Structures are given as C-alpha cells and as structure tokens.
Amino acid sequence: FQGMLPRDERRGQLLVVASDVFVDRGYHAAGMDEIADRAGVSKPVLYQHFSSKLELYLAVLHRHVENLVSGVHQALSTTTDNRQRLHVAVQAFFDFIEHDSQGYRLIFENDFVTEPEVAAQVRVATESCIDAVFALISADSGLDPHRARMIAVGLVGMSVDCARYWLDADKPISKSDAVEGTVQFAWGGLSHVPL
C-alpha cells in the first residue's frame, strides 16, 4: 500500500521552517515568501508542496499535534499496570511541552481565532486523549460511562493544568519532580500527599 512509501524529506524540512515562521510572526504576518527564503527552496517548489498558506499552517499544526498524541497513545500501550502507564503518559506530555516549544505554543496558546478550523483541530486532538483515557477507565474500573468520562476529563485537565503551571512558572522544580508530583497526585489524590 502507498501509505507505507518513504516520507517526503523535503516536506518535513519545509514544515520545520514554516513552524519557525508561524510561531515567530503569527499566522497573519507570516508569509510564503519568508518561508521559501528560510527553507532555501524556490517559492514555486514551496507551492508545489503546499498550494496555500492555510494548508501549510494546518499541516504544521497537525505535525505538532501528532507528535503529542502519538506519544501519549504509545505511553498507554507500554503496560497495563496503571500506576506505571500513568507515569509514562504524564512523562510523554511533559517531554513534549519541554522539547517541542513551538508545538506547545501552537496547541495550548493558540491565538488564530479568525479560523474556526484551527480551534477545532485542537479540540478534536484533545478529545482523542480524553477518549483514550476514558476507554481505559471504563475497561479497568466499575464506573459506568458518565462517571468514567467525568474522571477522564478531570485527569487530563488536572495533568494539563499542572504542566502549564510548571512551564508558565519558568520550571521552578525539575521536570522529573513536576512529572512525579503530578503522577503521585493523579494516583493517590490528596490522601497520599506527604505529611
């Protein structure tokens, strides 16, 4: 099947450059001329790969979303020892936001409100993570769907909030401490906070 054929190496390089420009300028100020300039490709070659600035922006957003979502899903498939996969998944999330700073900004601090499809892509990806957690909670607990879904939302939201606090506070503790603190709270709740 053609979906297994080698990835377009030039496409990947163009997305990295486009991500730099979109994050630096914002969507409206960013231009295909600057992206072509910085990619070292002619503007017609850039247009052969991406017929519009919007298609390129959505491709950049998707590359960052897929990086995070695949990392979270892969974490959840490592083990069915829930305490352990909770750490692998929270770790994957902190690893993403620390490593892929442009991705963090594009997903969690998106200001391109003029295009509803951008906010929708963020919601559908967020819902993919909540759905993955909901599927595990439903399967591994006696909670009925309504209760499992509320806890899945609480768990994902609590995780996002701890991480955003840590990153927005300029990393006041190590990433390993921030991940472990978030995991211990998610697993044991207030009842297991050190006394």
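Quick note: we count residues from 1 along the sequence shown, nothing fancier.
Stretches compared: 116-124, 80-88. Higher mean C-alpha B-factor in the entry: 116-124. According to the PDB record, 12-20 carries the higher mean C-alpha B-factor of the two stretches 177-185 and 12-20. You'll see in the entry that, of 152, 143, 54, 69, the Cα B factor peaks at 143. When all modelled residues of the chain are sorted by CA temperature factor, residue 64 is found within the lowest third.
Residue 134: CA B factor in the lowest third of modelled residues in this chain (values from the PDB entry).
Compared with the other modelled residues of the chain, the Cα B-factor recorded for residue 170 ranks in the highest third. Sort the modelled residues of the chain by CA B factor and residue 74 lands in the lowest third. In this PDB entry, residue 41 carries a Cα temperature factor that places it within the highest third of its chain's modelled residues.
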